[PDB]
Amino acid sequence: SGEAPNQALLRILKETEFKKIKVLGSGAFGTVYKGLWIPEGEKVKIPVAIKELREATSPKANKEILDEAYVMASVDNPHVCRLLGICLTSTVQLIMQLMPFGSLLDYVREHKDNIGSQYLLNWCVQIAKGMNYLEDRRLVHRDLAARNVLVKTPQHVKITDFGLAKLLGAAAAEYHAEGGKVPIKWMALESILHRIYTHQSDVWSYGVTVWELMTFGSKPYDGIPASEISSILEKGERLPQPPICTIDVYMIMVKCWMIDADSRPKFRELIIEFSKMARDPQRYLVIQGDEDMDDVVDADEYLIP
C-alpha cells in the first residue's frame, strides 16, 4: 500500500482576536494561559488554552513547537486534543481547546476518594479509541502517559502532548530514534535498548497508563533508578497487581508488557475488551463503596470550513 495526501488545514490567528485571562501553568515550555478566542465577525466565544514559548530567541524551540502544531493539525477525533490555530507573534504561541479539569493524572489523585469503577473503565476505552485513531493515521505517540491525558468533562478525556510524536513514513514499520530525553518507566523494552518505537511500543505505554489509573496515580517502579529498569524487565519482572483489579483486568495489562511486540494486544482489541467490562464495572474492579457567556461555544462545535 501507499500513503495518501494530508489535506489538513492550519489556521493563523491574529493576536487581537484572543484575550489571555489567567495563568494555568509555567515552566521551561513557557507559559500556558486560560483565555477566550473570538473569531472576527463570527459571533462566537471559544474558551481556549494559549501557550507561548518562554524565550523568543530559542531557535530549537520554535522548530519543535511548529512540529507539534503540524501533528495536532492533522488529527480530528473525539478523543484526541483539538488544535484551534497558531499565532506568529515575536513569541510564537499556539491555541488549543480548554480542558477545564486538567490532566487525568492530577484528577484521579485529587479525587481518589470517590471515583467509580465505571469512570475508570470508560477512560480506558476512550484512551484506546484515541490511540487506535493515531494508529490508523500512522502516527506514533511515543509519550502516552496519564499525565498526557486531559479531561474535558469527567466523562470525556483526550490525548495530548505530541512533542515526541512521529508520523511513520510510507512502507515503514519502526521509527529508530537517533536519541534524546525520554520517559523510561513508560517505554517498551525494545525502545529502551534499541531506540525502536512502533505502534506496539505505545501499547506497552498504554499498559502502564492503565496501571496509573488503577493505582489512583501511583508512581511506577517507585524508588528504582531508571538505569536499572532495563535489567529488571529482561529478567521477567513487571508491575504488581493493583489491589482493586480483578484478574481479568490485570491479565490484559500484563499482555501489554510482553517482550515480543507482535504478541502484544492492539488498540482495536483493547477497545472491545474494556467495552465489554464497562457493561458491568463492579465485576472487574472492587472499590470500597464505589456505588458575558451568552455566545460561548465549545471548540468541539466550532468546526473549520
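Residue positions are given as counts along the sequence shown, with the first one as 1.
- Deposited sequence between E291 and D292: 10 or more residues lack coordinates.
- Looking at mean Cα B-factors across 83-91 and 122-130, the upper value is held by 83-91.
- Taking only CA atoms, the mean B-factor in the PDB entry is higher for 222-230 than for the other of 100-108 and 222-230.
- Remark: of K255, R54, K276, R268, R54 shows the highest value [criterion: C-alpha B-factor in the PDB entry].
- Of all the options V182, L150, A188, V208, the entry's greatest CA B-factor is assigned to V182.
- When the modelled residues of the chain are ordered by their C-alpha B factor, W204 lands in the lowest third.
- Per the deposited record, the Cα B-factor of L139 falls in the middle third when ranked against the other modelled residues of its chain.
- Ranked by C-alpha B-factor against the other modelled residues of its chain, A69 falls in the middle third.
- The PDB entry assigns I244 a C-alpha temperature factor belonging to the lowest third of its chain's modelled residues.
- Per-chain ranking of the deposited C-alpha B factor places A28 in the highest third.
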